[PDB]
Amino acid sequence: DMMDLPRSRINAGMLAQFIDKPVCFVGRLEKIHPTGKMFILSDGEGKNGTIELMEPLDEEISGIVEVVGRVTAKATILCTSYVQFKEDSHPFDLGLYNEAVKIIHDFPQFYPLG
């Protein structure tokens, strides 16, 4: 529960550049592992990230999921906690979120990490 440190918002392609750091990964539920202790989220540009759980799911997740955790040595994310975004008459646009992720990183001085 690294909730008292800054967690960087990233996408798949940034996994390898954030090994061992707290990150926040928002993606769409693609697949749940038979055991329920892992699942894959695809980011706004169609790329996949592997999310590892300490405890198995108790409910079936779907739609947009926001994961907070630490990137492991194998470029997966070891989840500390996750939330499932809700969606009203307006569906969540993952494409634009990926863009805000690319912007966040283009302007670190206007979106400081801690």
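What we label the rigid core is the largest C-alpha set whose atoms superpose within 1.5 Å from one form to the other. Throughout, we count residues from 1 along the sequence that is shown.
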- Query: Which of these two stretches, 49 to 57 or 84 to 92, has the larger RMS Cα offset in 5 other deposited structures of this protein when the rigid core is kept aligned?
  - Reply: 84 to 92
- Between 36 to 44 and 58 to 66, greater root mean square CA displacement in 5 other deposited structures of this protein relative to the shown form, after rigid core superposition, belongs to 58 to 66
- Item | Entry-level comparison of average CA B-factors, 21 to 29 and 91 to 99, reporting the higher stretch | 91 to 99
- 33 to 41 versus 52 to 60 - which carries the larger mean C-alpha B factor in the record: 52 to 60
- Note on the structure: Sorting the chain's modelled residues by C-alpha B-factor and splitting them into thirds places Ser81 in the middle
